[PDB]
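Below you'll find the structure, written out as structure tokens, and then a few comments.
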Amino acid sequence: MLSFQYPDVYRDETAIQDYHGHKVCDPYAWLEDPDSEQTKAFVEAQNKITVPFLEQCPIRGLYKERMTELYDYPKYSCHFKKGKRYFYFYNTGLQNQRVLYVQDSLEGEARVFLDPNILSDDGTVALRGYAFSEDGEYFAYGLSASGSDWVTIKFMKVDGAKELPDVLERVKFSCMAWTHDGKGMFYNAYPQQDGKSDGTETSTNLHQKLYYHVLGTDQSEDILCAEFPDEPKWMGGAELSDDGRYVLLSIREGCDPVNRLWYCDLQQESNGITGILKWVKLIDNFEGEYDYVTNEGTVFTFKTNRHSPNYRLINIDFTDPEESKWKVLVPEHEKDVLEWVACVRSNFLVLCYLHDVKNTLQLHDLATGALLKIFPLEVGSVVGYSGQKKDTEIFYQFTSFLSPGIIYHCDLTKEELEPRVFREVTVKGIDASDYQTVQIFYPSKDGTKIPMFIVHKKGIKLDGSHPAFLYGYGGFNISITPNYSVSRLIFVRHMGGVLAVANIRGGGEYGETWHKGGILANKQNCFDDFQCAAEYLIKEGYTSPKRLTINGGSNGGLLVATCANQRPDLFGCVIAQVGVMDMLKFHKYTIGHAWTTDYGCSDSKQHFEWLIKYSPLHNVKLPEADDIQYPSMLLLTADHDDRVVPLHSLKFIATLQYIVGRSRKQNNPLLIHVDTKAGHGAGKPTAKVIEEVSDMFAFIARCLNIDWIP
Ligand SMILES: *[C@](O)(CO)[C@@H]1CCCN1C(=O)[C@@H]1CC[C@H](C(C)(C)C)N1C(=O)CCCc1ccccc1
């Protein structure tokens, strides 16, 4: 099968660094420079062997045609009301980017409000963040080019969709919050830096500042309202309280779900907003999360994890602020994770819990916390919601493994609350009734029970004959919940596959104790959990090692790359998307410093000792056994991925191809594809999504020699 040669790639054998006494060689360090002729030539040589490999077999075309056909269905957001008008996002099916629509009534004719598709030929300019003024008459929105985290904020007057001159540059990881006087908006920006700021650079992002922009002015007049020059990693995000009286500042450092909470009573400002605000440091440490829900005068309701790993709701009175005085409004549940909360219709709270990786939605009274109404849902996820304090109705969107999504509406003025199907769409071609979802709980190495979802065609023999696609992430308190994937269901229907998603430690499925179980010294639990998931599928007869594919993105790309290294005999195929591969240097680039809360940092001897043991870049080793090789491996990245700089995948594939690729016994291909005008994934246009999944399943099909089933 291996009918190509790996490119020649220079090894700088002088690149030796000391880490607390451990000499580490980094011969591909030079790939850290994206702009060098040498790096650009490496990328070209790699894509030159990958693309033909992927496009040789007729199955890529079959898959791409079936994907294009089945992905072609109406895709809606929830309606949301802003001032006098309703808005919703809608894609007719195959538009590169969804379009924002407006209508003046829920029953009236909608018209295009903002259409990103016209800002590029190829859909690579995307919306990234927006905020309407409190009255709904003005609109701010962020645009990113080529998948970069960098944003430009532009502005419109809603009536007539009129473009305004205001443009805010150097926006990244930013809040967007209008003061209720309609005068201007808070946002975040980074100081100027040498070299490029377009998504191709690797330069670290530090000293993020909080600014206020007055509408109708140039950015250079913007007011600096908060900054932390002694704490270059601190990021201060602003929001206004529901009554418009207070600015709330959530200062983060790293990805841990914790924040300082400062406030500014805007009425107490000496002459409106003219400089650094008179911040009151309500919570001035990083011990807990405080997520603003609503207030009633000085009584502020927050979702918190303080003393509550599964989260709870507390009331802090600004006039009696000590911790011992706080009221517990809705206590922590013993198992169920309180994911998010919203206040609607003045005195209702909407609460969304995660119960064994499935969502429930409940309505509660604001005054007492008492449960009032359960909104009935099938097994799956709530992935969209609208309804804020002033609103008298909610919309919410539900999805699962086997159904695209239903949007419900519920009129909260009604004595009897009966939610109703507002929009529902049928993907004809994949009959949901042909398949089943099961959830099982398997023991990991240390005996911890891990959930796993398995989706498969009804009445299959568990004889180990099926190809399988096992997905994980495992990190950053993120829960991996049921979602509708056309691309995955084709694998099932047309490649006879079994799909699995393992809810490994590191994620948020069981609150902070679950997150804490997959970070720092205990990161290895994630990899152990994920290996055990594979072994469960094998032992139980869903698949065999030779037919098993694993997949993960970002922190999940780390997960699958590490698993490739640690248990190469367990997997036939590995697809690592935009993965963190160099665990010794991740912190040096763009926003990487923020991930040390999950990973630790190599500057510390203790942390270095954890990291060296699983860092994919540092653990490529020919398997000792003669009969064991590395799985077929495909790394996917893109030249504007400034979330996870592509040097991670570049150095890793260079190492895979040298250490393992050159051995006689290695016949499984080790490839990388580096896309252009794309980044980490968010905002990727439909055309690129389709190319991507076609590439991935074609790789699987060729490596495992899977027949297409029409
Ligand atoms: C991928 O796993 C996921 O895209 C990469 C690689 C490691 C972590 N990671 C992220 O993107 C992290 C995971 C949490 C967070 C969000 C945006 C997905 C919630 N990540 C960030 O990098 C956010 C960066 C900006 C930031 C920093 C601190 C606090 C808030 C936002």
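Counting only residues that are within 30 Å of the chain's Cα centre (by Cα) and hydrophobic (A, V, I, L, M, F, W, C), give me the strands (runs of 3 or more DSSP E) lying completely in segment 209-283 with at least 3 of them.
223-226, 235-240, 246-252
So which residues in segment 564-577 are part of a strand (DSSP E or B) and either within 11 Å of the ligand (Cβ to nearest atom) or of a type in the set (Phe, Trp, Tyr) (or both), if there are any at all?
577, the sole residue that qualifies.
From the list 287, 269, 339, exactly one residue is closer than 30 Å to residue 439 by Cβ and out of contact with any helix residue (DSSP H, G or I) (no Cβ under 9 Å at 6 or more places or on another chain). Which is it?
Checking each option against the conditions leaves just 339.
Listed here are the residues, each with its yes/no results for (1) crowded, with 20+ Cβ neighbours inside 10 Å; (2) touching a strand residue (DSSP E or B) at 6+ places or on another chain (Cβ under 6 Å).
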{"residue": "641", "(1), (2)": "yes, no"}
{"residue": "649", "(1), (2)": "yes, yes"}
{"residue": "666", "(1), (2)": "no, no"}
{"residue": "674", "(1), (2)": "yes, yes"}
{"residue": "695", "(1), (2)": "yes, no"}
{"residue": "698", "(1), (2)": "yes, no"}
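Enumerate the strands (runs of 3 or more DSSP E) found wholly within segment 1-108, keeping only those where 2 or more residues are charged (D, E, K, R) and within 28 Å of the chain's Cα centre (by Cα).
So the answer is 80-82.
Determine which member of the set 345, 306, 312 is in contact (Cβ under 8 Å) with a residue 60 or more places away in the chain and more than 23 Å from the chain's Cα centre (by Cα).
Result of the check over 345, 306, 312: 345.
State yes or no: is residue 121 more than 30 Å from residue 393 (Cβ to Cβ) and surrounded by fewer than 17 Cβ atoms within 10 Å (Cβ to Cβ)?
Taking the combined requirement at face value, the residue satisfies it.
Do you know which residues across segment 427-460 are touching a residue at least 24 places away in the same chain (Cβ under 8 Å), farther than 27 Å from residue 513 by Cβ and surrounded by fewer than 17 Cβ atoms within 10 Å (Cβ to Cβ)?
429, 432, 434, 457, 458, 460, listed by residue number.
Out of contact with any strand residue (DSSP E or B) (no Cβ under 9 Å at 6 or more places or on another chain) and crowded, with 20+ Cβ neighbours inside 10 Å: which single residue out of 503, 477 fits that description?
Checking each option against the conditions leaves just 477.
Which residue pairs have Cβ atoms under 7 Å apart, sit 6 or more places apart or on different chains, and have a first residue in segment 582-610 that is free of Cβ contacts under 8 Å to residues at least 24 places away in the same chain and a second that is hydroxyl-bearing (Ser, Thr, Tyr) and within 12 Å of the ligand (Cβ to nearest atom)?
587/596
Residues in segment 530-553: is at least one in contact with a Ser or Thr (Cβ under 9 Å, 6 or more places away or on another chain) and either outside the structural domain of residue 675 (by CATH) or within 11 Å of the ligand (Cβ to nearest atom) (or both)?
No, that holds for no residue.
Return yes when residue 499 is touching a residue at least 60 places away in the same chain (Cβ under 8 Å) and not in a loop (DSSP other than H, G, I, E, B) and no when it is not.
Against the criterion (touching a residue at least 60 places away in the same chain (Cβ under 8 Å) and not in a loop (DSSP other than H, G, I, E, B)), residue 499 qualifies.
Being within 12 Å of the ligand (Cβ to nearest atom), closer than 20 Å to residue 474 by Cβ and not in a helix (DSSP H, G or I): is that true of residue 580 here?
When the stated conditions are applied, residue 580 passes them.
Search segment 240-289 for residues being of a type in the set (A, V, I, L, M, F, W, C) and within 15 Å of the ligand (Cβ to nearest atom), and hand back the single one that is surrounded by the most Cβ atoms within 10 Å (Cβ to Cβ).
Step by step, filter segment 240-289, then rank; the result is 249.
Take the residues of segment 277-295 that are out of contact with any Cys (no Cβ under 9 Å at 6 or more places or on another chain) and charged (D, E, K, R): which is nearest to residue 212 (Cα to Cα)?
281
Where residues in segment 444-478 are small (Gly, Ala, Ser) and touching a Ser or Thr at 6+ places or on another chain (Cβ under 9 Å), which of them is farthest from residue 544 (Cα to Cα)?
475
State all residues of segment 295-314 that are surrounded by 20 or more Cβ atoms within 10 Å (Cβ to Cβ) and either hydrophobic (A, V, I, L, M, F, W, C) or assigned to a strand (DSSP E or B) (or both); if no residue qualifies, say none.
Across segment 295-314, the qualifying residues are 295, 300, 301, 302, 303, 304, 312, 313, 314.
Considering only residues of segment 223-239 that are away from the ligand (no atom under 16 Å from the Cβ) and surrounded by fewer than 19 Cβ atoms within 10 Å (Cβ to Cβ), which is nearest to residue 271 (Cα to Cα)?
Checked segment 223-239; the qualifying residue nearest to residue 271 (Cα to Cα) is 223.
Could you please tell me which pairs satisfy a Cβ distance under 7 Å, a separation of 6+ or placement on different chains, a first residue in segment 466-480 that is in contact (Cβ under 8 Å) with a residue 12 or more places away in the chain, and a second residue that is assigned to a strand (DSSP E or B) and within 13 Å of the ligand (Cβ to nearest atom)?
471/552; 472/552; 473/552
Inspect all residues belonging to segment 190-204 and state whether any of them is touching a helix residue (DSSP H, G or I) at 6+ places or on another chain (Cβ under 9 Å), closer than 23 Å to residue 646 by Cβ and assigned by CATH to the domain that holds residue 263.
Yes, segment 190-204 contains at least one residue that is touching a helix residue (DSSP H, G or I) at 6+ places or on another chain (Cβ under 9 Å), closer than 23 Å to residue 646 by Cβ and assigned by CATH to the domain that holds residue 263.
This table checks each residue for (1) on the phi < 0 side of the Ramachandran plot; (2) β-branched (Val, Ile, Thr); (3) in contact with a strand residue (DSSP E or B) (Cβ under 7 Å, 6 or more places away or on another chain); (4) surrounded by fewer than 16 Cβ atoms within 10 Å (Cβ to Cβ).
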residue: 357; (1), (2), (3), (4): no, yes, yes, no
residue: 360; (1), (2), (3), (4): yes, yes, yes, no
residue: 369; (1), (2), (3), (4): no, no, yes, no
residue: 372; (1), (2), (3), (4): yes, no, yes, yes
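Quickly run through segment 400-426 and pick out the residues that are crowded, with 21+ Cβ neighbours inside 10 Å and among the hydroxyl-bearing types (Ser, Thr, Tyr).
The answer is 400, 408.
Cβ atoms come from the backbone with ideal geometry, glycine included; neighbour counts cover every protein chain shown. Numbers and lists here come from the model and the stated rules, or from a named source; no laboratory instrument gave them.
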